[PDB]
């Protein structure tokens, strides 16, 4: 099966205007007529995202602002953190602006110092790097790849799992972070084995979604497992799991077994499987 829909935060590619990032003159020129999106510390916004006049906060782009690119018509848009008076629905462009702003400002919050030598870092190039104050070495935004997998039997049954300390009825796909030295396919097999003890084959990619909570990209997969093999939960974070039929899943979707919100690529994978 393929995904029926593009995942929600994946929909558009905004015009990021990469070439402007290293052009402080063009950034400073665009500022007077530029738009500004403002996020609080949890990455929440005012709502379509409110775009205010950048010029209101100053006559030049502040250090801690991030240049998001251009909206249709060529207006520059920036993002800043501020005290205000959760993506966790928006138009496509707002969703992309927010995903970018959220990820980038969360990175800044967590990248104030060099991991290499501990020196403070200074934002630069429209907020797309931070520079080691001592050495001049550039640090770059971090996005951790994570897999999320629907294990199925090749027919009408699929594994869903509930993490320890998730609410009782809340089941979903199996997830994990990619480790150093492994392929995505190897990561999927490893993580499924760790979580529910199954050996899976035919690991197949479905799609992807930015997941700035705070810094993931979710990579969706399906894989073939064997229901005659028993579960085993000890090595993982799963409290329980079971094989469910397409009928059960469709039923749970139409609502009791609870599946994650359409925001997650997880829901899109399950939906696309259940109605294939």
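Numbering follows the first chain given and starts at 1.
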Might you work out how many residues are unmodelled in the deposited sequence between residue 12 and residue 13, and answer none, 1 to 3, 4 to 9, or 10 or more?
-> none
Answer with none, 1 to 3, 4 to 9, or 10 or more: how many deposited residues between residue 142 and residue 143 are not present in the coordinates.
-> none
Give the stretch, out of 142-150 and 167-175, with the larger mean C-alpha temperature factor in the deposited entry.
-> 167-175
So 33-41 or 218-226, which one's hotter by mean CA B-factor in the entry?
-> 33-41
Can you pull the Cα B-factors for 232, 238, 47, 66 from the entry and say which is highest?
-> 47
Would you mind finding, among 197, 120, 136, 72, the residue with the largest C-alpha temperature factor in the entry?
-> 72
Which third, lowest, middle or highest, does the CA B-factor of residue 107 fall in along this chain?
-> lowest
Give the position of residue 268 by CA B-factor within its chain, expressed as the lowest, middle or highest third.
-> lowest
Sorting the chain's modelled residues by C-alpha B-factor, tell me whether residue 90 ends up in the lowest, middle or highest third.
-> highest
Chain thirds by Cα B factor, record data; residue 58 belongs to the highest
Of the three thirds of Cα B-factor ranks in this chain, residue 131 occupies the lowest
